[PDB]
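I have placed the structure first, in the form of structure tokens, so that the comments after it can refer back to it.
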Amino acid sequence: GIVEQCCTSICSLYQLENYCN
Amino acid sequence: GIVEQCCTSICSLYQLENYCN
Amino acid sequence: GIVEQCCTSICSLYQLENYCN
Amino acid sequence: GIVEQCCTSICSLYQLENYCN
Amino acid sequence: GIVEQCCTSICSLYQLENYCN
Amino acid sequence: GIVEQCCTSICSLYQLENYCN
Amino acid sequence: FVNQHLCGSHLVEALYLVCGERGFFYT
Amino acid sequence: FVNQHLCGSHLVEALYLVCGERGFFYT
Amino acid sequence: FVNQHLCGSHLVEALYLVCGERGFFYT
Amino acid sequence: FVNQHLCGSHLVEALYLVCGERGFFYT
Amino acid sequence: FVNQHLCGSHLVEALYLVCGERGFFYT
Amino acid sequence: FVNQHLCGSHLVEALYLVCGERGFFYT
Ligand SMILES: [Zn+2]
């Protein structure tokens, strides 16, 4: 979940690249 | 500056970081 | 106002439409 | 996609809602 | 309206405040 | 900086303009 | 359009989306 | 909703408002 | 406020910022 | 950039900045 | 506008509305 | 260029998102 990897826990912007379509 | 780099043309995330204090 | 109706209380499409001119 | 429907052209709420989960 | 004054043309802070409550 | 002046203290129009380049 | 609490800028954006150029009042 | 173009982050904001906690797919 | 044009969401956002609690009438 | 967890509309903002018109799933 | 504390995004948006393409240092 | 130009308020928002309270230079 993007929320666990980014809201519940700290994530970097580069990590979001894996969530693009 | 960052305007000409990101608005006029297209820039990347690292170019933005170049303008952080 | 609309803030009391939509922020403090629960908002809805119908409520938003009522504040249009 | 949604950008062709809503940005290039004009879309309705119904169309927009089609992209909700 | 405000659109004609601030979008179609360039308005000043004073003009923009004309629409505050 | 402006953050300390406007966020920690109060600043008006002519205070923000002082920070424009 | 889901029912929910809409506050601040989001409420302002919601009114613009719904009303558009009809214009609207925010209070 | 109204009759206007929704582009860039404005379109993403529209999706965020209309879909709420259900989420959405920007595709 | 100054020089540039303000349309759509940006105009309503500028109104929200400038007027604040007082509210405003987008018309 | 060394930001901590992104939540709500802030996470959505970050997704659009990185993904752009590639699209993304917000669920 | 309204004499009150301006923080975060509120402050960044206020400086852009006031300074515009004149530029500014947000520190 | 799946990623579009960042101008005006959108460029300032992106800078704040990336730089944070530490600050940035809009020039
Ligand atoms: Zn815009």
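Every heavy atom of this structure was used, including side-chain atoms; hydrogens, water molecules and symmetry mates were not. The chains referred to below are lettered A, B, ... by the order of the sequence lines, with proteins before strands, and numbering in each begins at 1. Order of listing sets the numbers, starting from 1, for every ligand and every atom in it.
Ring pair G:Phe25/I:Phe25: centre-to-centre distance not below 6.0 Å.
A donor atom on one side chain and an acceptor atom on the other are found under 3.5 Å apart for G:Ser9 and I:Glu13. Side-chain contact, G:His5 with G:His10: no donor N or O sits under 3.5 Å from an acceptor N or O. Checking A:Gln5 against A:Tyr19 by side-chain atom types alone, a donor-acceptor pair falls below 3.5 Å.
J:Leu11 and H:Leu11 fall within a single hydrophobic cluster, where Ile, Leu, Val, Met, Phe, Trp and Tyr side chains are chained together by heavy-atom contacts under 4.5 Å.
The Zn ion (ligand 1) has H:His10 NE2, I:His10 NE2, L:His10 NE2 as protein N, O or S atoms under 2.8 Å away.
With sequence neighbours left out, the side-chain contact (heavy atoms from CB on, under 4.5 Å) criterion links J:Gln4 to A:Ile10.
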